[PDB]
Each structure stands twice: as C-alpha cells, then as structure tokens.
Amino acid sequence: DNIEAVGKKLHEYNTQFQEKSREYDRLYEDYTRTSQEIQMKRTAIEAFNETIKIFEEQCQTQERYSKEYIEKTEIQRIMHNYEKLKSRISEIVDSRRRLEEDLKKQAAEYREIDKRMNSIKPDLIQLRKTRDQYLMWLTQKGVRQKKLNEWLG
C-alpha cells in the first residue's frame, strides 16, 4: 500500500508477464511450424495418391494391352514383369501408410500445442491487466517516470 511496496509488486508482476509472454511466443512458434509441416504432409499424401493412381493406370494398361496381345515363353516375361510392377506398388502403399501415421501423430501434437496455448492466455491476460493496474495506480500517486522505468524489467 506504500509506494515502494506497490512498486516492488509492479516489478515482480512485470517479470512474470514478460516470462509468460516468452513462453506463449515459444508455443506460438511451434503452433505455426506444426501448421506448415502438416500442410506439407497432407500434400505429400496427395503426392502419394497421385503416384499410386499412375501405377494403377499402368496396371489397367498391362491387362488390356496384354490380353489382346498374348494369344501370339514371352508370356512368362510379361507376367513376371507385371508381378514386379504390382510388387513395387505395395512398397509405395506401405510408405504412404507410414506418412498417414506421422500426420495423425503430428495432428495430436498440433491439438496439444493449441490446448497448452489456451490455458496460458488467461494467465497472460490477467498479468497484463494487473501490471497495468499497478502502473496506473503509481502514475496517479505522482510517481516519477524514472522510478517506473527501473521497476519495469
């Protein structure tokens, strides 16, 4: 209630605000970074869809182009070549599946970052206001700008 006592509390409350701000700022970096990574993942998954579409048009062609042809030992080479094709698709399916699993895991991280932000906001906003209420109180009491400066930070 004395000026030095309120000014001390203004120092503490300012330090708590600047640090709380620093925390939120770090989380907001993670929020943004995670948002860029997930967009990247969702479009790399599109890239997996589009590749696999290309491999299944190939399979379609292999059947239509082979059936009409194959009435005329070449058979064994064609069919094994097709089996080798079909085999590669399964690698590309498996790899797509792995990414989907990362994107699911990173979606849960995004989810959690945003939750951790939303429980800091009340503290952060309450500390801004308190800091400001002590500032105005002292400005009213006549406390000189030099003294207010040295309490802040």
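Numbers for residues come from their place in the sequence shown, where the first is 1.
Where coordinates are absent for parts of the deposited sequence, a chain break appears; between neighbours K72 and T73 it spans 4 to 9 residues. Remark: stretch with higher mean C-alpha B factor among 63 to 71 and 121 to 129 is 63 to 71.
Annotation for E37: CA B-factor lies in the lowest third of the chain's modelled residues. In the deposited entry, the Cα temperature factor of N14 places it in the middle third of its chain's modelled residues. Ranked within its chain, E56 lands in the lowest third, by CA B factor from the PDB record. Remark: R116 belongs to the highest third of its chain, ranked by C-alpha B-factor as recorded.
In this PDB entry, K20 carries a Cα temperature factor that places it within the middle third of its chain's modelled residues.
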